[PDB]
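Notes follow once the structure below has been shown.
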Ligand code: CLA
Ligand code: CLA
Ligand code: CLA
Ligand code: CLA
Ligand SMILES: CC1=C(/C=C/C(C)=C/C=C/C(C)=C/C=C/C=C(C)/C=C/C=C(C)/C=C/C2=C(C)CCCC2(C)C)C(C)(C)CCC1
Ligand SMILES: CC1=C(/C=C/C(C)=C/C=C/C(C)=C/C=C/C=C(C)/C=C/C=C(C)/C=C/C2=C(C)CCCC2(C)C)C(C)(C)CCC1
Ligand code: SF4
Ligand code: SF4
């Protein structure tokens, strides 16, 4: 099942930092 | 009096967490864990010590014996229930009864869940001892 | 004062320094 | 802001008041020293942590001391 | 005016971008948080310690799973001496087609990374044979790491949350951790070797299914209880034992040959079994020493405060005042953390010193690059653990230290004569450096002038002796286990040197790293190492002892541990704080471990290639280091990619250049300091409010330059990462390109 | 190597520490 690399690596490469940075930027800039 | 056996906090924490005494439980829930526990080990001395313990149906000799004696206990629970039982005691390690063991209605709920759990505890012990080489291939 | 407890252990350790050199100089074998 | 502690060892030299560029320091009368005045810091929300006031003090060791604390806009020295 | 960071109101009221950066470097500092009390501190550190513990098991499970699913472990069993291991596989979309063909290696379908961490040798030694045991141990560590993630959550709930007196019960940790964590676990691993790993070493499969049926010994635990323990040391694995087969096998489970297995050139598994069994008995006995609630045992607070040696009044133990040290170790957490990093830092290098000379893993002495990486790894780990020992020891003296509780004791007497410690440390650093650099430059000029016989070459005659006092005939000193007439050789009253015939076979062969032959090139580098240890200690001790103030600046304790300076006054005070003496030392600590690992690597490149004469001639003068090691070995590396093509070294050729760039970037934060850059950002703030379309958007946090203490962190971070990655790309590919 | 089935068991079992790590890291405060 070597096709899981095609679906975990782009999520951790792209989706994981986009979801993390967009959470943290809205959390540090929160009155 | 008071000793490090009846009152050490390791033992007070233990006895107050058995399902006979754990706070906030339906009496069906109390007899469910008491039943599954006592139905699990009582598969033991019938299967490997019984009269047909060398035959190919050795574990089935232990299953019908252990189920058939959970049914005997469940009668004795319902015999103790229907006899207008006296209120339970309060020792130095357990300061209060679990409040479901003074009504006739509460022992009847305790009696049924022993039967539901005691049969299921014996079946899973029949499942695990007949499938030893199954588990040790799922492990190695 | 003549430091007895200090010099007592320094002469013990220096006696270990001289003992190992006796093996290295073949004085003791 | 920062924290400006002034101990009781100074002589009223008025070198620290004439060196703090945001004018935090001022002289108040005080019957202790020979010049009969001690430095005081009543406006420490304006202090920028420059430590020009510690450089100009004669006494050994320093009678004035700047403790660097939480940095707001006035103490960062930001024109924006 | 935001609510981030939660742990500080002084940082959360910062309008600049300093708010963002100081949240990161004060986040795990639990002691400086807002409103943090004493018992809330320990209860939060204890549950955090379940968090770091469960990272370790989740880390070690990915080593098992990525090998079982993507590596060639079952193909590596058949021939471990030529089959080249596999760590994981590459899914890189940015690869070109000649860079998929170059990394399709070791007999695999796709691009794979050759494992240079040696975990196939450790798993093959301890009995694991197929890819299913690797997967089973992987899934077990998923559950075993979740058992600690639940435990840290459980011990933060209010009636499951431990009290303060539970943490400061120090005599009960020492009984449970020595007997249980050290002793039972050494006993359990001896049970794992004897039941499983030693029978797996003889071609005899023992798994979870049949370990209750099969016995490790045909005698079978009857000679244990009767006292006939010599039955366990019957016929061992012979000198023709082919590993993991039944040829030349034995029945013994606890044996004491000493030396190495003749094929794998590792330690005998029967020797390790009697080792961890004997370690286990020495620790369970050691764990029944200190006083707990059972009214028996030694009491450490009474051992410190004792003043009477058999009626004679003394100042304390060894007539030295150790009173109040129990209330100094146990009350402070930085004294504990500063202490135990020194303890863990000693053993970490001590691991590395004994794993190249005494290999304990099957076929690891012949897989070279896995052995060159494991030495250099645990040496650099030992570097940071020793620098942080003095670092967290110096946070103790600023923050936690109390001179009244510690009055008159041995830790007070060090702070009195601290100018005598730093002076004689400054002497040895200069006494070595003036005369070690002097003899390299002497040998450099002398060889350059074509007359190399005028070199000053010193035989290391004090370490020549120790190797001959351990049994090396090669020098002819004829003492002490090399003298066969010696009292130490024969063990005169009892003659019980069982280890000694197997030890002298190992030390007298020229086919291992056991007590390598040393010469005049090894004289100068051990005195160059001693230059690096006494000088790194000089910076760290002087920053520890002067952490509470001195002549140029008294009351440095009022300013905390990390503050920039005290201004340009008094001549200026740049890098005056106790943090700044942590800072200067990590240049030396990375330097010194360079010297100990340039010298490790180049002595073994002569052993592995059969050319011992290249090192012994050329390591006396500093061109031979520069030419025959740095220049000559980086030819396979730098040709990892050229205009002709690529090969499998092109990552290490790319990481080598990457390391030279991160290293050089860190100079920018150190040569140039802050006030240049705040006057540069104030022109970018101007030209953003004036640009007509781009001033629709605007910052929430005002841009300021990095603070003075911050870009010494950021400067040291680019320096250290680039120092590691440069050598780690040179260490691997110069060894894995030559074998 | 290991079978294609066994990889999915390892992923589902890995949600059990993934859930518990989210519980611990939020019990340690925000
Ligand atoms: C921390 C441990 C760790 C690390 C660094 C890696 C590293 C890698 N894995 Mg792997 N993996 C691990 C544990 C680990 N694995 C475990 C336990 C499992 C079983 C569930 C897997 C299952 C797995 C699969 C199925 C695949 C990878 C793949 C990969 C590669 C690409 C990264 C990726 O997509 O992640 C994938 C990540 C996951 C599937 C889930 C992560 C599971 C661990 C337990 C999370 C650890 C989080 C960490 C502790 C949080 C701390 C962050 C830190 C910065 C503070 C890379 C070699 C891919 C690959 O080989 O591409 C070629 C791929 O297809 N991994
Ligand atoms: C017998 C009972 C027992 C046991 C097993 C433990 C075990 C542990 N306690 Mg502990 N504890 C106990 C009783 C016990 N405690 C009691 C009674 C108290 C109260 C008085 C405490 C109070 C306490 C506190 C307050 C803390 C612990 C912590 C820990 C953990 C230490 C960190 C760790 O995992 O290192 C594991 C270390 C080893 C397995 C030994 C390593 C030996 C050296 C360093 C290396 C030797 C290995 C060798 C070279 C070979 C390795 C090679 C191989 C890896 C390839 C560990 C799980 C800490 C922790 O992390 O909390 C979770 C912590 O903060 N304990
Ligand atoms: C188990 C050991 C241990 C423990 C528990 C601690 C715990 C602590 N230390 Mg300590 N320390 C340690 C080891 C340890 N340290 C070691 C080994 C050293 C020597 C290097 C130090 C040096 C040290 C100093 C000098 C200081 C501390 C401080 C602290 C406290 C706060 C930490 C903090 O703010 O984190 C914040 C974390 C960071 C800022 C992390 C940034 C650094 C990361 C690791 C860089 C990584 C680079 C990058 C990811 C690489 C990518 C590569 C890629 C490009 C290819 C805390 C009590 C500080 C304090 O004030 O104490 C109260 C403090 O001043 N420690
Ligand atoms: C042949 C070339 C050569 C050269 C160029 C040097 C050059 C140097 N040596 Mg060196 N040395 C050499 C050979 C050489 N050495 C040899 C063969 C020996 C073995 C005996 C030594 C032993 C030696 C010692 C023991 C010391 C030096 C020191 C020095 C430095 C200052 C010397 C001086 O006069 O300062 C001017 C002199 C003074 C400022 C005060 C006098 C200090 C003298 C050197 C010590 C004598 C005091 C006492 C009698 C002995 C002290 C006990 C000692 C045995 C441990 C200087 C760089 C010193 C050093 O490294 O300081 C950092 C130092 O302490 N050297
Ligand atoms: C060791 C020890 C101990 C312990 C002991 C005991 C107590 C044991 C027991 C054990 C047991 C005795 C167990 C049991 C278990 C059980 C189980 C595990 C079961 C399961 C079951 C199931 C799962 C079932 C289910 C079901 C039902 C319920 C119904 C329907 C059907 C079915 C089947 C589904 C003590 C602490 C004292 C002390 C120390 C040591
Ligand atoms: C050879 C040999 C031997 C011997 C050995 C020995 C004797 C060893 C030694 C060892 C040692 C001798 C070690 C040591 C080490 C040390 C160190 C490592 C230190 C460190 C420290 C620290 C770091 C500290 C810290 C601190 C500070 C800084 C401040 C205050 C606080 C504190 C204290 C914490 C024997 C006989 C056995 C056998 C044979 C061989
Ligand atoms: S603090 Fe310094 S400048 Fe101010 S009065 Fe005292 S001595 Fe003068
Ligand atoms: S912070 Fe120092 S330099 Fe600045 S105004 Fe105050 S006393 Fe003067």
Checked the range F:8-18 for anything more than 8 Å from every other protein chain (Cβ to nearest Cβ) and more than 11 Å from residue E:139 (Cα to Cα); matches are F:15, F:18
Test: residue in the range E:500-514 that is in contact with a helix residue (DSSP H, G or I) (Cβ under 9 Å, 6 or more places away or on another chain), within 14 Å of chain C (Cβ to nearest Cβ) and surrounded by fewer than 16 Cβ atoms within 10 Å (Cβ to Cβ): no
Which of the residues spanning the range E:218-236 are in a loop (DSSP other than H, G, I, E, B), surrounded by 10 or more Cβ atoms within 10 Å (Cβ to Cβ) and more than 41 Å from the chain's Cα centre (by Cα)? E:219, E:228
Which of the residues that make up the range E:30-72 are in a helix (DSSP H, G or I), farther than 16 Å from residue E:143 by Cβ and within 9 Å of another protein chain (Cβ to nearest Cβ)? E:44, E:47, E:48, E:51, E:68, E:69, E:70
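Consider residue E:93 carefully, then state whether it is more than 16 Å from ligand 3 (Cβ to nearest atom), at negative phi and out of contact with any helix residue (DSSP H, G or I) (no Cβ under 7 Å at 6 or more places or on another chain).
Details: more than 16 Å from ligand 3 (Cβ to nearest atom): yes; at negative phi: yes; out of contact with any helix residue (DSSP H, G or I) (no Cβ under 7 Å at 6 or more places or on another chain): yes.
Judged against the criteria, residue E:93 is a match.
Being buried (at least 17 other Cβ atoms within 10 Å of the Cβ) and out of contact with any strand residue (DSSP E or B) (no Cβ under 6 Å at 6 or more places or on another chain) is the filter; apply it to the range E:686-706 and report the residue that is farthest from residue E:371 (Cα to Cα). Explain how you work it out, then say what you get.
First, pick out the residues of the range E:686-706 that are buried (at least 17 other Cβ atoms within 10 Å of the Cβ): E:702, E:704-706.
Narrowing the set further to residues that are out of contact with any strand residue (DSSP E or B) (no Cβ under 6 Å at 6 or more places or on another chain) leaves E:705-706.
Details: E:705: 45, E:706: 41 Å.
The extreme case among them is E:705.
Of all residues in the range C:14-28, which are closer than 14 Å to residue E:476 by Cα and either in contact (Cβ under 8 Å) with a residue 40 or more places away in the chain or assigned to a helix (DSSP H, G or I) (or both)? Show your work before the answer.
Keep residues of the range C:14-28 that are closer than 14 Å to residue E:476 by Cα, which gives C:23-26.
Result: C:23, C:24.
For residues in the range E:578-614 being without any contact (Cβ under 8 Å) to a residue 60 or more places away in the chain and within 20 Å of residue E:670 (Cα to Cα), which is surrounded by the most Cβ atoms within 10 Å (Cβ to Cβ)?
Applying the first criterion (without any contact (Cβ under 8 Å) to a residue 60 or more places away in the chain) to the range E:578-614 yields E:584, E:588, E:591, E:598, E:602, E:606, E:610-611, E:613-614.
If we keep only those that are within 20 Å of residue E:670 (Cα to Cα) as well, we get E:584, E:588, E:591.
Numbers: E:584: 18, E:588: 20, E:591: 16.
Only one residue tops the list, namely E:588.
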Within the range D:8-16, is even one residue within 13 Å of chain E (Cβ to nearest Cβ), within 12 Å of ligand 7 (Cβ to nearest atom), under 12 Å from the mean Cα position of the chain (by Cα) and part of a loop (DSSP other than H, G, I, E, B)? yes
Does residue E:179 satisfy the condition of being touching a residue at least 12 places away in the same chain (Cβ under 8 Å), over 23 Å from residue E:243 (Cα atoms) and either within 14 Å of chain F (Cβ to nearest Cβ) or in a helix (DSSP H, G or I) (or both)? yes
Test set (1) within 14 Å of another protein chain (Cβ to nearest Cβ); (2) out of contact with any strand residue (DSSP E or B) (no Cβ under 8 Å at 6 or more places or on another chain); (3) over 23 Å from residue F:11 (Cα atoms) - residue E:118 fails condition number: (1)
Cβ contacts < 9 Å: first residue within 17 Å of residue B:76 (Cα to Cα) and within 14 Å of another protein chain (Cβ to nearest Cβ), restricted to the range B:29-43; second residue more than 8 Å from ligand 5 (Cβ to nearest atom) and outside any helix (DSSP H, G or I), any location; separation 6+ or different chain. Result? none
Among (1) within 23 Å of residue D:68 (Cβ to Cβ); (2) in a helix (DSSP H, G or I), residue E:99 falls short only on (1)
Among the numbered criteria (1) under 30 Å from residue E:170 (Cα atoms); (2) surrounded by fewer than 16 Cβ atoms within 10 Å (Cβ to Cβ), which one does residue E:59 miss? (1)
Given the criterion within 16 Å of ligand 3 (Cβ to nearest atom), in contact with a helix residue (DSSP H, G or I) (Cβ under 9 Å, 6 or more places away or on another chain) and either within 13 Å of another protein chain (Cβ to nearest Cβ) or over 26 Å from residue E:707 (Cβ atoms) (or both), identify the matching residue among D:62, D:68. D:68
Any residue in the range E:698-722 that is in contact (Cβ under 8 Å) with a residue 40 or more places away in the chain and closer than 18 Å to residue E:670 by Cα sitting within a Cβ distance under 9 Å of a residue that is in a helix (DSSP H, G or I) and within 16 Å of ligand 8 (Cβ to nearest atom)? List the pairs, counting only those 6 or more apart or interchain. E:704/D:76
Expected single match for more than 16 Å from ligand 7 (Cβ to nearest atom), out of contact with any helix residue (DSSP H, G or I) (no Cβ under 7 Å at 6 or more places or on another chain) and within 26 Å of residue E:383 (Cβ to Cβ) among E:717, E:635 is E:717
Taking the range E:9-25 and keeping residues in contact (Cβ under 8 Å) with a residue 12 or more places away in the chain and facing another protein chain (nearest Cβ under 9 Å) leaves E:9, E:11, E:13, E:15, E:16, E:18, E:19, E:20, E:23
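For the range E:689-707, enumerate the residues that are more than 10 Å from chain D (Cβ to nearest Cβ) and closer than 29 Å to residue A:30 by Cβ. Reasoning before the result, please.
Just the residues of the range E:689-707 that are more than 10 Å from chain D (Cβ to nearest Cβ), to begin with: E:690-698, E:700-701, E:705-706.
Residues satisfying the conditions are E:691, E:693, E:694, E:695, E:696, E:697, E:698, E:700, E:701, E:705, E:706.
Based on what the data block shows, is residue E:135 away from ligand 2 (no atom under 13 Å from the Cβ) and part of a helix (DSSP H, G or I)? If you could, list the steps in order and put the result at the bottom.
Working: away from ligand 2 (no atom under 13 Å from the Cβ): yes; part of a helix (DSSP H, G or I): yes.
Taking the combined requirement at face value, the residue satisfies it.
Of the residues in the range E:246-305, how many are assigned to a helix (DSSP H, G or I) and within 28 Å of residue E:368 (Cα to Cα)?
Total meeting the criteria: 7.
If I filter the range B:14-23 for residues that are in contact (Cβ under 8 Å) with a residue 40 or more places away in the chain and under 18 Å from residue B:112 (Cβ atoms), do I get at least one hit?
Yes, some residue in the range B:14-23 is in contact (Cβ under 8 Å) with a residue 40 or more places away in the chain and under 18 Å from residue B:112 (Cβ atoms).
Does any residue of the range D:33-41 turn out to be in a loop (DSSP other than H, G, I, E, B) and within 14 Å of another protein chain (Cβ to nearest Cβ)? Spell out the reasoning first.
Here is the first cut: in the range D:33-41, the residues in a loop (DSSP other than H, G, I, E, B) are D:33-36, D:41.
Then drop every residue that is not within 14 Å of another protein chain (Cβ to nearest Cβ), which leaves none.
So far as the range D:33-41 goes, no, none of its residues is in a loop (DSSP other than H, G, I, E, B) and within 14 Å of another protein chain (Cβ to nearest Cβ).
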Qualifying residues in the range E:554-577 (those that are within 16 Å of ligand 8 (Cβ to nearest atom) and crowded, with 21+ Cβ neighbours inside 10 Å) - the one nearest to the chain's Cα centre (by Cα): E:564
Output the number of the condition that residue D:23 fails; it satisfies all remaining conditions of (1) surrounded by 14 or more Cβ atoms within 10 Å (Cβ to Cβ); (2) in a loop (DSSP other than H, G, I, E, B); (3) under 9 Å from the mean Cα position of the chain (by Cα). (1)
Scanning the range B:102-133 residue by residue, those under 24 Å from residue B:40 (Cα atoms) and in a loop (DSSP other than H, G, I, E, B) turn out to be B:131
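Quick reminder, even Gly has a Cβ in these numbers, built from the backbone with ideal geometry, and neighbours come from all protein chains shown. Only the coordinates and a few stated rules stand behind these numbers; no lab work does.
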